[PDB]
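S.K.: First, the structure itself, so that you have it in front of you.
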Amino acid sequence: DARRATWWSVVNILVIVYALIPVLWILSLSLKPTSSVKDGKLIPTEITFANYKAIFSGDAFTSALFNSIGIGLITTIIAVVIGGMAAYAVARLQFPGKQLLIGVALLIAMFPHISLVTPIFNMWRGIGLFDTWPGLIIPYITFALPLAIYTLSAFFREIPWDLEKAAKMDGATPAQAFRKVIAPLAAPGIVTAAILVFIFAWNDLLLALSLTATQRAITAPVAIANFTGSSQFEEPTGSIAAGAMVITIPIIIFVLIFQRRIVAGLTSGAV
Amino acid sequence: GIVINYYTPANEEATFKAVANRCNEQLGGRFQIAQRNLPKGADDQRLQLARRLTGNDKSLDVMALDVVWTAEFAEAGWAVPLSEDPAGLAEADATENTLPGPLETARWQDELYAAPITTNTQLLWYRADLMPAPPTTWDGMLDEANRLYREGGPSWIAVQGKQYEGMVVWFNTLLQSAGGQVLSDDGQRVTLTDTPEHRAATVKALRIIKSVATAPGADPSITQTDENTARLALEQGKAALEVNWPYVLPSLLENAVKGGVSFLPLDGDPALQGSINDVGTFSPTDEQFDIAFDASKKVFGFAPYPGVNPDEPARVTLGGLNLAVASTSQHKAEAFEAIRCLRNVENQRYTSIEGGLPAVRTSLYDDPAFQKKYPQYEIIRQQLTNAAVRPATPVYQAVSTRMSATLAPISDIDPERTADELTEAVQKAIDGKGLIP
Amino acid sequence: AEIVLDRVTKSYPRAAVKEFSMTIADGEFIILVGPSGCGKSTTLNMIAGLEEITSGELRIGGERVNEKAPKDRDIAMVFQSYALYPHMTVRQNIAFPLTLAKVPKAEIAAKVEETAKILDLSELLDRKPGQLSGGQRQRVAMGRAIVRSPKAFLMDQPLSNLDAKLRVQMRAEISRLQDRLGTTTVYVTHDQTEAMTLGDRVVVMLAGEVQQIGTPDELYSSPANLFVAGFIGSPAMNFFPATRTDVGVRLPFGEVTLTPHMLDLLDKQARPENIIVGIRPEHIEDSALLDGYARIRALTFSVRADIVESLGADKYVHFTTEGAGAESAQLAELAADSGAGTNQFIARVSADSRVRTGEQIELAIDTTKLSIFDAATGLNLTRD
Amino acid sequence: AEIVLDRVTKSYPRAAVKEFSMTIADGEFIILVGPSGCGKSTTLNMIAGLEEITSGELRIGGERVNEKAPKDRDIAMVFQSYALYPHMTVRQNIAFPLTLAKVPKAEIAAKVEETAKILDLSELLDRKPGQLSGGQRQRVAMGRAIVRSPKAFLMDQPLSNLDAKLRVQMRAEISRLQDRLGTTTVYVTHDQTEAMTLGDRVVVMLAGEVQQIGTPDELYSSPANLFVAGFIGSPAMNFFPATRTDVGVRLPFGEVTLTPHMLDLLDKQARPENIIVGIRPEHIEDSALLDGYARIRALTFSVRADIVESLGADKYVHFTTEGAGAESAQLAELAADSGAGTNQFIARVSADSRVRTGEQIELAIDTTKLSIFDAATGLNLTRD
Amino acid sequence: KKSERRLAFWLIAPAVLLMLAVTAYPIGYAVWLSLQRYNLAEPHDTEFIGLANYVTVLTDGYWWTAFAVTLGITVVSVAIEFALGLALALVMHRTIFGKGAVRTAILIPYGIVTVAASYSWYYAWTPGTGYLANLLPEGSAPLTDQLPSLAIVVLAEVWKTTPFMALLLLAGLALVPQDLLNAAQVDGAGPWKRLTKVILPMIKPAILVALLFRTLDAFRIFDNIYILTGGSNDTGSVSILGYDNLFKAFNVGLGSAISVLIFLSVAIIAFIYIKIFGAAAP
Ligand SMILES: Nc1ncnc2c1ncn2[C@@H]1O[C@H](COP(=O)(O)OP(=O)(O)OP(=O)(O)O)[C@@H](O)[C@H]1O
Ligand SMILES: Nc1ncnc2c1ncn2[C@@H]1O[C@H](COP(=O)(O)OP(=O)(O)OP(=O)(O)O)[C@@H](O)[C@H]1O
Ligand SMILES: OC[C@H]1O[C@H](O[C@H]2O[C@H](CO)[C@@H](O)[C@H](O)[C@H]2O)[C@H](O)[C@@H](O)[C@@H]1O
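This is the structure in structure tokens:
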């Protein structure tokens with residue numbers, strides 16, 4: 006029906022506009038020269054790379070990005086392994102009280118950071134150990150594991166373990182058959198859970214901020230939250246906007262690629 | 029090879045990078061000097077520093093702190109006192125040739141805990157292209173801005189109005205100027221309303237704040253105008269006036285040479301071609317400074333800080349930076365050689381001449397080349413004869429946040445009940461009770 | 002290769024294969040019919056090595072095998088689920104068992120292509136599973152069995168998910184390749200009519216005990232018990248629990264004057280007081296039709312036919328009658344899955360018959376098709 | 002309701024509901040039939056207002072139903088998947104349309120009790136579904152319809168979601184229900200046996216238009232075309248091409264002479280070129296039996312038997328030949344999905360037959376329905 | 017029985033070595049630490065005190081203002097984020113076009129770094145600068161007044177958190193068979209009762225976990241107030257009060273009492289869902 010198809014065509018662009026303009030705004034506010042800073046036009050003029058050149062001029066961002074990625078990978082891997090090791094027992098084993106073990110994790114996933122920050126800073130994790138990566142990786146892992154348990158449990162409810170029964174008639178030895186049959190089906194699940202943990206662990210500001218304060222471990226959200234101008238007497242907003250555009254630039258292209266996996270993992274395969 | 033982490037607030041980074049480079053070139057192979065930025069804001073500057081000592085960081089060596097806090101660090105046993113050089117030299121170098129006021133900020137109880145490096149008071153900046161003699165009284169200043177508002181001109185006052193320790197500077201200048209003070213001389217008790225003369229002082233100071241906060245044609249965001257906004261408001265041509273610090277000078281000249289401010293087209297003159305540095309700083313030649321300033325002085329300029337009464341020149345509040353050596357650094361004899369050469373008598377020539385901060389080595393204000401290149405020098409010296417300190421006691425910061433938080437909006441205050449409100453909050457902060465917001 | 006098993010057992014918190028035995032010669036497609044919740048899948052799992060023999064023994068001709076590992080034993084199962092490895096191509100899914108058995112890649116390329124020519128996959132084989140039709144998918148699961156030139160074949164109701172027109176089609180293809188292989192083989196089912204379409208000897212269970220076994224024509228013509236008799240054949244037998252009267256059974260619409268051809272074969276033992284008599288709907292005639300001496304003597308009665316319908320070339324015709332329908336021995340045991348409204352009896356006429364719903368129809372019956380069982384036991388008096 | 006529908010014209014960017028017209032009436036039970044994809048569900052959706060009437064009109068009572076809203080456009084519907092709201096009680100699932108229609112609580116209570124007695128649900132209407140499983144839920148779904156006493160009814164195809172055995176009770180109770188109601192109903196299927204059972208008329212369609220419609224016994228006995236004759240009476244005829252023959256027919260195993268009455272039809276019009284002969288699996292017999300005054304016209308033959316069906320209520324065999332019989336006007340659509348083969352055939356034989364596999368099966372034919380068809384259009388010549 | 021139980025307990029054991037000594041132990045230490053006259057600048061002397069930290073937080077007005085503000089922002093943000101997220105889910109579920117364009121766009125505000133999403137609003141709502149702020153009247157002062165400031169805090173958090181909630185509702189909703197709706201539709205419900213009477217009573221468990229997960233995460237907010245207003249004008253939410261009382265003043269005893277009192281308040285919110293609404297795991 007051409008009128009209702011037009012109405013849907015309108016609804017589709019409206020929701021795209023709602024999601025994109027507060028992003029394109031940052032790009033435009035960054036690209037606007039300091040003459041067009043304080044000029045109210047959203048449509049830019051005389052756009053310049055000078056602010057982006059000023060981000061990479063001096064080593065201030067290199068360590069923030071490189072530490073964000075390093076912490077992302079290590080907290081992903083340790084969460085994926087122990088979260089998968091839990092998820093196999095949560096799916097395949099049928100032990101008494103198993104609902105408690107899944108129930109408590111989805112609660113501590115939501116726990117209030119401004120509680121945890123006081124005791125940890127006043128412990129051997131801030132007085133003994135302090136700013137080096139373990140002082141973040143240990144709390145990061147804790148908020149990551151529940152998301153690993155949920156998403157990996159959803160993938161292990163999806164795999165038919167009766168494929169193992171078929172495999173145990175395709176010869177017998179599981180140390181060959183299970184190894185060769187099951188891993189190709191496990192892979193798209195585990196890589197999706199790894200992506201979602203990497204992103205979910207990326208942006209917990211209160212712990213990233215409160216436990217670091219060095220050129221090592223001052224991760225990408227903290228770097229921009231301490232940043233307040235590239236220069237002495239330039240209007241700082243264009244430089245801040247450039248920094249925000251730099252920091253976001255990886256994770257947009259990252260989620261842009263893996264969309265089916267991302268929505269399936271959160272939706273437990275429902276879409 | 030060892031490197032020394034020199035912490036600085038972010039407002040004077042390019043200056044301390046130039047100073048750091050000089051020192052790093054002068055020192056030879058001993059060790060490197062490297063700068064680090066704390067935030068721009070006058071208590072976040074403390075937050076990110078105390079967090080590096082409450083946790084035992086080894087990446088903290090030399091730190092620039094605000095003249096207001098030092099009693100707290102000293103009483104906490106951080107910021108180890110200047111007696112402890114193997115060279116013995118820092119306690120002499122700190123005493124050697126300073127302005128006397130800043131040096132008296134740097135000792136908690138007889139012993140020095142830091143060495144002064146910069147000091148600053150405030151100047152009343154004004155647009156000579158649209159106004160006559162710089163309004164002396166706050167009342168006359170509001171009168172002149174009212175004229176400009178009715179004429180349709182740059183009506184804003186651009187005061188340091190925000191809920192932070194950098195605003196308590198302003199109020200405490202008004203209270204000191206009106207003849208009151210926050211704490212007793214001994215620091216042991218409140219004194220905001222100790223005598224009915226103090227009641228009159230504080231209530232007048234609050235009326236004056238309320239007046240500037242609410243007069244018709246005021247700047248819309250004046251509850252949230254941080255210090256950095258004031259500089260920008262004048263340079264944007266939106267304010268005919270401000271009461272900023274002594275460093276708005278070069279920032280304007282720089283923002284007139286590198287394209288920028290429409291009322292001063294110095295960017296149009298061949299004399300300034302290549303005058304700005306390839307690191308992005310200004311740093312003109314002597315003739316380029318002189319022509320930039322001689323073009324500016326007809327449009328833009330300064331005066332001593334306005335009075336509460338018609339004829340009582342203000343007890344303007346003392347500000348600055350004191351360098352200290354941290355407790356936690358593993359080596360530290362090397363950090364004392366760093367502080368000595370960071371406050372070197374040549375080194376701080378650049379700190380004023382191009383960095384905008386007033387130097388503390390006394391002779392620089394007598395020297396002719398400095399007195400030429402630093403044209404505001406005589407007003408600063410003058411004010412440092414009568415400039416009021418903030419009350420040195422370790423509770424200061426806990427008081428100053430309580431006082432500011434009681435004046436949460438800068439408008440919207442009943443002066444009389446707010447005077448009691450200030451006394452109550454300040455009392456509780458000396459008592460150390462309750463929660464800071 | 003033949004197989005045998007004896008004295009068998011299973012257990013669950021339920022003796023699912025309690026005291027079973029069988030022999031499974033070359034070429035025998037043994038069909039294991041019965042109600043769901045017998046030891047069906049579980050006995051095929053025992054034979055496949057996926058289940059535990061709690062007592063008794065199994066033999067693949069070459070050895071006893073209940074003692075043996077899941078290595079060897081009943082090779083070449085196919086799955087009721089049509090289970091496959093969906094990341095692989097269909098050609099790879101056919102090839103996989105031979106590649107796991109280290110078969111050379113030229114030997115794969117031959118036996119994969121021959122199997123894909125036997126099956127309906129010769130064009131489709133380059134695709135992944137699930138991107139393909141369910142009969143082809145099932146066919147790949149049969150390919151998985153076919154490729155391993157196996158000792159046996161195990162079917163697991165492989166017509167499960169198909170529509171009926173495709174079930175009977177694939178039943179022919181299974182018959183061809185069962186005969187072409189000559190394997191000893193097995194196929195469990197709950198479908199009685201489908202079990203008549205192929206296979207050398209039906210076997211039937213009440214739960215874990217064999218009720219009967221034999222070739223399905225012998226099974227249909229000479230059933231041992233009312234349970235196995237009533238389960239067999241498409242038209243369910245009209246059963247009358249009844250008084251075992253001296254003339255033969257006196258059903259009140261048209262009494263059975265039983266001739267000596269069974270009545271003297273009854274009188275060779277002490278006669279029962281009560282019986283259940285069964286007759287096949289296919290054995291009734293319209294009494295207004297047929298020809299010769301049968302039209303007089305065929306046990307005739309009239310009842311108001313409560314429905315009729317043609318089914319194409321015939322008419323199924325329905326009516327109600329008296330009988331002791333509240334009691335059971337091997338009858339309520341069927342009523343578990345189906346069987347109610349005991350008074351509703353059914354008959355079969357040709358489409359040439361002028362009969363219709365809602366009229367008094369004369370029906371004719373004879374003693375050649377009659378069957379009788381103990382009202383106390385459900386065991387047949389007519390045959391073992 | 003008056004049930005008059007015409008000129009579908011719903012064709013997609021694909022003929023879909025393209026030429027259809029219905030002419031249905033009060034009290035009728037109609038079956039809609041064909042292969043998958045014909046627009047059977049889409050025409051039911053247009054009747055239900057789930058699509059709006061593109062061309063012509065849909066009417067019932069005095070109403071332009073074609074132009075009406077989806078709400079109450081068809082006053083009852085039932086869905087194959089037994090559509091049932093899982094959070095509710097079973098009683099609430101039944102009451103749902105009546106509480107949507109805001110009927111008073113005493114009327115709800117009386118009518119839900121009535122409905123839950125019209126179906127055997129009186130012990131279940133208190134319990135939630137899933138606790139009330141699919142074997143009861145199948146009844147609950149059609150319970151929704153009954154609370155309206157609906158002016159017209161769409162059945163969809165309920166029985167095929169259920170397992171094959173229970174359909175004996177389900178189809179009996181569905182027919183009883185229609186008997187108890189005395190109102191119009193329509194049904195859809197992909198199977199001819201499901202249509203012939205309990206139907207008043209059958210409509211067969213393809214590509215959004217009717218191929219033929221009528222009473223099912225005429226539709227069976229008198230098909231419009233050979234592809235329709237392959238659909239109704241699912242044991243389809245053996246079909247063979249011919250050029251022409253001056254007395255009757257030629258076959259791979261014999262000849263037919265019949266009588267002049269059918270040859271008159273062939274010479275009744277200009278259709279003597281390529282033609283089809285189509286003979287049922289019915290009208291075939293074992294040549295050892297049915298001899299007599301008819302035996303001279305029984306036209307006996309024999310073919311080697313490869314496979315047999317032998318359940319004893321009746322019997323039948325496959326038979327085979329060689330020849331280029333792969334021709335199709337539209338018959339490939341019937342060949343595509345069951346029993347596929349160019350020279351593959353079947354015959355019925357009575358239970359008295361004793362023939363087996365691996366031998367020459369001697370057989371005879373009954374003249375009284377032998378039939379002939381246009382090779383160009385597929386049309387039946389003997390009766391439309 | 018015991019064989020797979022033994023295997024399972026040994027496979028679970030790492031995920032209770034972690035998520036105990038790095039959750040329950042920190043909290044348990046935070047309890048003891050709340051019982052102390054302990055200031056972080058003088059660790060050489062400390063004293064046990066019975067209740068004075070808890071009584072202080074329970075009676076000082078700066079706790080109650082910040083606390084009441086988090087409840088307000090919680091209920092206001094969650095209600096809007098739900099009602100929008102529901103509509104957003106339905107659009108991306110039922111749109112007729114190639115939906116991958118919409119699925120692309122709806123992930124972006126989910127994925128994006130929370131601080132960068134926040135500077136966007138900070139400049140959009142500052143006068144003479146934001147394309148949005150520039151179309152308020154002169155003298156409007158958009159960001160400095162308390163209630164307007166709270167409105168801008170809410171806007172950033174609904175724009176940032178509603179896409180995740182639209183996925184939890186979508187996953188709660190895409191399970192629903194279309195024929196249940198076709199039935200409600202031919203029975204004459206229309207769209208309003210298709211939503212209210214038909215589908216919502218199915219999706220109850222999924223909407224309850226979605227509301228809970230948005231509620232606790234909306235309670236413990238920080239960055240979108242810190243980057244955007246710094247707790248000024250008394251706008252500071254409950255987490256930011258627990259920041260300043262440890263790193264702007266050093267009384268770790270009181271900052272530990274805030275740390276516990278937050279956590280018990282979150283626990284009581286979770287209890288209302290888990291008991292009074294059931295809300296069990298999906
Ligand atoms: N591993 C097991 N543990 C416990 N009980 C079992 C197990 N395997 C089977 N059973 C029992 O056997 C029954 C399942 O039937 P079985 O697997 O023997 O064949 P079936 O599935 O009934 O046959 P069909 O596949 O034809 O339906 C269940 O009711 C269950 O009680
Ligand atoms: N809303 C629609 N848009 C486009 N095409 C449709 C729509 N509804 C139905 N169709 C067409 O109708 C067909 C599906 O319904 P139809 O009754 O024609 O066949 P079917 O339902 O698959 O058959 P069966 O009911 O036997 O499975 C599809 O092939 C499709 O092209
Ligand atoms: O000169 C640059 C410095 O200006 C500010 O410091 C002044 O105002 C303070 C409070 O904000 C006073 O306490 C201080 O004594 C003054 O120097 C600013 O706070 C600093 O960060 C700048 O470095």
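Chains as they are written, first to last, in the entry's author numbering: chain B, 6 to 276; chain E, 29 to 465; chain C, 2 to 14, 21 to 391; chain D, 2 to 14, 21 to 391; chain A, 17 to 298. Think of the CB as a built atom: it goes at the ideal place given N, C-alpha and C, for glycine as much as any other residue.
Return no unless some Cβ of chain C is closer than 8 Å to the Cβ of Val-40(D).
M.R.: With 8 Å as the cut-off, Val-40(D) does not count as an interface residue toward chain C.
S.K.: Within 7 Å: the Cβ of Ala-23(D) and any heavy atom of ligand 2?
M.R.: Yes - ligand 2 has a heavy atom lying nearer than 7 Å to the Cβ of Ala-23(D).
S.K.: CB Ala-415(E) to CB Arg-343(E), shorter than 8 Å?
M.R.: Result yes, Cβ atoms of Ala-415(E) and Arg-343(E) sit closer than 8 Å.
S.K.: Can you list, in chain order, the residues of its chain whose CB lies under 6 Å from that of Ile-239(D), leaving out five sequence neighbours each side?
M.R.: Only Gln-199, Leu-226, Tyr-227 meet the Cβ criterion.
S.K.: State yes or no: is the C-beta of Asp-321(D) within less than 8 Å of the C-beta of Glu-289(C)?
M.R.: Contact: yes.
S.K.: Does any residue of chain A bring its CB to less than 8 Å from the CB of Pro-38(B)?
M.R.: Chain A, which has no Cβ nearer than 8 Å to the Cβ of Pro-38(B), makes this no.
S.K.: What are the start and end residues of each continuous alpha helix (DSSP H) run of 4 or more residues lying completely inside the segment 106 to 163 of chain B, in chain order?
M.R.: Segments of the alpha helix (DSSP H) lying fully in the segment 106 to 163 of chain B: 118 to 126, 139 to 163.
S.K.: What does the shell around ligand 2 hold, if a residue joins when its beta-carbon is under 6 Å from any heavy atom?
M.R.: The answer, residue by residue, is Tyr-13(D), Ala-23(D), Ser-43(D), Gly-44(D), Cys-45(D), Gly-46(D), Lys-47(D), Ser-48(D), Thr-49(D), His-197(D).
S.K.: Is it the case that the Cβ atoms of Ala-268(E) and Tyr-402(E) are separated by a distance below 8 Å?
M.R.: Not in contact: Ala-268(E) and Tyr-402(E) (Cβ atoms no closer than 8 Å).
S.K.: Starting from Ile-379(D), follow the beta strand (DSSP E) in both directions and report where the run begins and ends.
M.R.: Residues 378 to 381.
S.K.: Quick one: residues in its chain with C-beta nearer than 8 Å to the C-beta of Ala-108(C), no 5 flanking neighbours on either side, listed in chain order?
M.R.: Cβ neighbours of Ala-108(C) beyond the five flanking positions: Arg-155.
S.K.: Determine, for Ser-167(D), whether the minimum Cβ-Cβ distance to residues of chain A falls below 8 Å.
M.R.: Chain A, which has no Cβ nearer than 8 Å to the Cβ of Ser-167(D), makes this no.
S.K.: Taking DSSP's pairing of strands, which residues face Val-356(D) in a bridge?
M.R.: Partner(s): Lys-322(D).
S.K.: Run through DSSP, which three-state label would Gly-63(B) get?
M.R.: Of the three classes helix, strand and coil, the one that applies to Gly-63(B) here is coil, per DSSP.
S.K.: Using the beta-carbon of each residue, which ones in chain C are nearer than 9 Å to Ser-378(D)?
M.R.: The premise fails here: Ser-378(D) is roughly 14 Å from chain C at the closest Cβ pair, so nothing lies under 9 Å.
S.K.: By the criterion of Cβ-Cβ separation under 9 Å, what are the contact partners of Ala-90(D) in chain A?
M.R.: Within 9 Å Cβ-Cβ: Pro-193, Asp-195, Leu-196, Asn-198, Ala-199.
S.K.: Taking 8 Å as the threshold (C-beta atoms), are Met-181(A) and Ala-133(A) in contact?
M.R.: Cβ distance not < 8 Å, so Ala-133(A) and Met-181(A) don't count as in contact.
S.K.: Please list, in chain order, all residues of the same chain as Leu-412(E) whose beta carbon is under 8 Å from its beta carbon, the five residues on each side excluded.
M.R.: If we look at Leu-412(E) and ignore the five residues flanking it on each side, its Cβ neighbours are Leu-127, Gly-129, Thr-147, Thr-149, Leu-346.
S.K.: For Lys-118(D), I'd like the list of residues in its chain whose CB is within less than 6 Å of its CB, leaving aside the five on either flank, ordered along the chain.
M.R.: Excluding positions up to five away in sequence, the list reads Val-154.
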